[PDB]
Amino acid sequence: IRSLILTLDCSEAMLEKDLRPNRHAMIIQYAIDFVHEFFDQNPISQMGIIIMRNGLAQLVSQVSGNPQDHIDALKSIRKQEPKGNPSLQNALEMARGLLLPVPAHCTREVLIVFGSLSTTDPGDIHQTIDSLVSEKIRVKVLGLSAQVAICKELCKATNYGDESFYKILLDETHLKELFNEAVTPXXXXXXXXXXXXXXXXXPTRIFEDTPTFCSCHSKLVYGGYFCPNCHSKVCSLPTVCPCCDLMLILXXXXXXXXXXXXXXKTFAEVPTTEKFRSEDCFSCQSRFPXXXXXXXXXXXXXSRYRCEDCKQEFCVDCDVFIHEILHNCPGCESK
Amino acid sequence: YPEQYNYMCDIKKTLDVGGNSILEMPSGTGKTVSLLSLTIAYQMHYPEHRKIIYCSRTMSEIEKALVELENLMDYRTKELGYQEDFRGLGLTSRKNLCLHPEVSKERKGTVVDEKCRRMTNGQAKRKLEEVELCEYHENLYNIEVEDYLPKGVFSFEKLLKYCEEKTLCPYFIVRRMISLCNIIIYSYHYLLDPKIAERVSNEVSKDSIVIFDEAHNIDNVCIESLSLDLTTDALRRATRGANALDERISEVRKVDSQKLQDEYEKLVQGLXXXXXXXXXXXXXXXXXXXXXXXXXXXXXXXXXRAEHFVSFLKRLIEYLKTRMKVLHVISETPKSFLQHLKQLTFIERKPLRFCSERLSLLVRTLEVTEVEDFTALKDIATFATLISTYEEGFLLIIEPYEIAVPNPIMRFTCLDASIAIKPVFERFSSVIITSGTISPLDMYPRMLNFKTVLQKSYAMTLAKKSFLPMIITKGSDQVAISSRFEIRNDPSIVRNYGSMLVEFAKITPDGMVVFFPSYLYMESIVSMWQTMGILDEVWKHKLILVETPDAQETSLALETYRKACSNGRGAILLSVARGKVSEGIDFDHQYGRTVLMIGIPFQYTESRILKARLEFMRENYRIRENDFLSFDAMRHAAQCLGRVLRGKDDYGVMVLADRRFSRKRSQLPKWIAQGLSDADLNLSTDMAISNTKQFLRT
Ligand code: SF4
Ligand SMILES: [Zn+2]
Ligand SMILES: [Zn+2]
Ligand SMILES: [Zn+2]
């Protein structure tokens, strides 16, 4: 579904002490949490880490659905020192060579964490921006403080003529907010194209560990997933089986689709003097008054979050709890 | 916009009441404000009434006024669907608006008019007694060619492509279209021209609306209209020019003497009035503004011929070599110099009429006239016209003994600048006087006395997008007063000043333009800067404007500066605030987002031209040692202020050094004083708040 290509700046501009302790020690650290934010909500998606060091582009993490491959790839970058200059043309041309195995049915995304202010590209960088629109590659650049005129054209021409993707970060708290929105998908208006995907087999949970069985490694294992097509007991994963090119997901894709179909109905916060109901919660027991600023002009006023799907009173605490996980408002399941 | 309607309601109230209005406009936000109101005031009155007359200061503002008029016609043909009587004429230069010197001559200089008169008289020689015409003559004055402009807009670039496809001439189309009177776009060097404006004023035939565009260097054009230097090499041209007239009088009196004898009787009867009336489509002579000189009933060397007129001229040039052969510093009164001339040779009081008739005579007499010889005669004849009349405000100065080799340099000082601006008030009414680089505008009621109204810029909003700070302490507040002196005192401080520029450019490496009050400060640090980290890790390439800035060098430094910011590089534009190319094009991120100024702009003092104009304006307006160091220093700084304000959509930071800027005013006076190292953390915030407040105010 998704095949994100992480583009990290690893140059001498990241040696500055803007963040704590520096820019490179927080970019690598927050990206490990972004790997955890990506494979949980999207367990059947892809990731790819491309650094920009010494005026080139180095591939440290291959495109794979295993999250541990991107963790250990980022543990080796923090050991060395970011040197050189960023190369946006070599990073995008390397991102083009990996998204060509990615089909048109899977969405191709490129995220650029650009903390520098000057890059070193070989040829014309405008020939690389127009190539990402020809094969439809959604590029998003996260610039630090000042804005670059190159990233304005990159986050607009590759994004259906709309410049709203080149975001400017100003704090480490705001940098984690960018990793929460990038973990979520981008359900845009698209270009109205056809879509049809098949060949999705089911993994049989096998636990044979006497003399073991491994079709993707030929080693000892404590139980692997059996493919429903080639009948191979490879590694237990919700991705594709490496013997007949068939999937092996289960309820992991159903949980991602349930979150994708989650519209999250926010409860309408009506006052206790306006909704004509007592202070109560449909999820728990919020028997305390919300508003209590003034004497009796606010304490008797209060607020009761009335969800319009079942006319159930709630508070402000469980209205964000029902929209985060599970189903939006538990009164919707009862008629 | 509502702020653009505030100046438009003032333009709709002054064009139908006042005769001249000093309207102040903000920078980068007043171009199309008066453009649409000029076509709306004509549409509210009559569309064939008073046409629009535009007076730019550069050729770029002539080119920028043509594309905005296309947007006015596109807004009138899409929102209305009716194609009315079109107008608009691109009156540009002669070397640019040509076809013949771009094919065979391959020269883009000032000699394009010499091949023009050779083809005009060559077509006249092919249609009288007999080279011939050119590529496309005897067809551009047709009625179908006169209708190619009210039907289709073909001005400058659209007309140069039209004269190649239809095979026409760009000179005879535009010259025949001043009489049609359209929306005429031209610069300040044509309205106050003593060889062009005498021909322009006879074809517009008045009754129009003059639009003064960027009217802040009006006092500079009136000085540039005169003041010619005589650096002794013209005496070698006048010596060889006098011997050429001796051979020409020997050639005229050897065979065909009836052509000069009948011209002598035509000058003894029809004089200069019939001589100018008979002469058509030929090379015109020179005069000191015939619409301002006003002289009639002349005589040809007191009923004499060309043989007696060249004897007075050879008597004249040796006296000029006698007066130039002097000591050093010596001033001259133009009336007392004429009295010392009459003690040498009685040349009466009218040599103004003794030269303009003989200049037109030698064109009709000598057919193979030399270029350097006849131009040497026009340099004397222009000086002979200025010593005959116009002595009030005039002054003759001599350059001193400056090694002395380069010492014989003679110059005449211009008169009052109000005299050149005088005939534009009685010829045209409702003259819209607009400028975006003026703060304040009270010197224009003072200097150049004319009765007008004063309107300021009523547009100031969104101060969070227009960062206007200023630097005071440069770490020690020593290099601010160090750049104040004219001479480069203490170059170690300038090396410390140039060390701060590498620190200042490395903070924000996203488009940098650095102005200078003189090229001496640019040449002082370029010899041994010992600091190229910004020229190898920040701005990389260097765009430094030299003192002898070539037109191709200024063009190549401008395009590569646009190529630097369009590749994620950034460049340093080291220009001169007193130099050429005042710019004005921005409204994008390709321009320098942070503009640096080295101190305050200064003027070249201790010069005879400045000391003459100091005592001249001391008797006029009593503004001695005030406006000369402040009103002139503001307008050279206001050209740097017109580039940062590129509309309300684009941001920009303009820092100013020293402390003498607080005594003057500025466009949108919202300025906070801080140090140099303090503004490095302020501009890092201003380059991040403006990136977050852009989507918040929408
Ligand atoms: S007619 Fe026009 S193109 Fe031909 S020489 Fe004269 S100015 Fe040039
Ligand atoms: Zn399989
Ligand atoms: Zn509750
Ligand atoms: Zn509900």
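All positions are counted from 1 along the displayed chain.
So this one's electron microscopy, 6.7 Å, going by the header.
In case you wondered, yes, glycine gets a Cβ from its N, Cα and C as well.
Among the features that Swiss-Prot reports, ATP binding site is placed at B:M25, B:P26, B:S27, B:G28, B:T29, B:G30, B:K31, B:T32, with the record citing sequence analysis. Swiss-Prot lists B:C98, B:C116, B:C134, B:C169 with the feature [4Fe-4S] cluster binding site, giving similarity to another entry as the kind of evidence. According to Swiss-Prot, the feature motif 'DEAH box' maps to B:213-216.
Feature annotations (Swiss-Prot) mapped to structure.
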{"residue": "B:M25", "record": "ATP binding site", "CB count, 10 Å": "24"}
{"residue": "B:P26", "record": "ATP binding site", "CB count, 10 Å": "22"}
{"residue": "B:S27", "record": "ATP binding site", "CB count, 10 Å": "21"}
{"residue": "B:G28", "record": "ATP binding site", "CB count, 10 Å": "21"}
{"residue": "B:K31", "record": "ATP binding site", "CB count, 10 Å": "17"}
{"residue": "B:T32", "record": "ATP binding site", "CB count, 10 Å": "15"}
{"residue": "B:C98", "record": "[4Fe-4S] cluster binding site", "CB count, 10 Å": "21"}
{"residue": "B:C116", "record": "[4Fe-4S] cluster binding site", "CB count, 10 Å": "19"}
{"residue": "B:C134", "record": "[4Fe-4S] cluster binding site", "CB count, 10 Å": "20"}
{"residue": "B:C169", "record": "[4Fe-4S] cluster binding site", "CB count, 10 Å": "25"}
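For the pair formed by B:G30 (ATP binding site) and B:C98 ([4Fe-4S] cluster binding site), distance between Cα atoms is given as 32 Å, rounded to the nearest Å. Here nothing among the binding-site residues B:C98, B:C116, B:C169 falls inside 10 Å of the CA of B:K31 (ATP binding site). The Cβ of B:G30 (ATP binding site) has 20 other Cβ atoms within 10 Å, all protein chains considered.
Taking the centre of the Cβ atoms of B:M25, B:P26, B:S27, B:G28, B:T29, B:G30, B:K31, B:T32 as the ATP site, the nearby residues of that chain (Cβ within 8 Å, site residues left out) are B:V33, B:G436, B:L645, B:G647. Using the Cβ center of B:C98, B:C116, B:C134, B:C169 for [4Fe-4S] cluster, the list of other same-chain residues with Cβ within 8 Å runs, in sequence order, B:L99, B:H100, B:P101, B:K115, B:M119, B:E135, B:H137, B:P170, B:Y171, B:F172. Note: the CA-CA distance between B:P26 (ATP binding site) and B:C98 ([4Fe-4S] cluster binding site) rounds to 36 Å.
Mapped onto three states, the DSSP output places B:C116 ([4Fe-4S] cluster binding site) in helix. The Cβ neighbour count for B:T29 (ATP binding site), using a 10 Å radius and every protein chain shown, is 19. Taking a Cβ distance under 6 Å to any atom of ligand 1 as the criterion, the binding-site residues B:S27, B:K31, B:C116, B:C134 reduce to B:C116, B:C134. Distances between the Cα of B:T32 (ATP binding site) and those of the binding-site residues B:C116, B:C134, B:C169 are shortest for B:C169. Relative to B:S27 (ATP binding site), the binding-site residues B:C98, B:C134, B:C169 all have Cα atoms farther than 10 Å away.
The two recorded residues, B:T29 (ATP binding site) and B:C134 ([4Fe-4S] cluster binding site), show a Cα separation of 45 Å. Secondary structure of the motif 'DEAH box' (B:213-216), assigned with DSSP and counted as helix (H, G, I), strand (E, B) and coil, comes to 0 helix, 1 strand, 3 coil.
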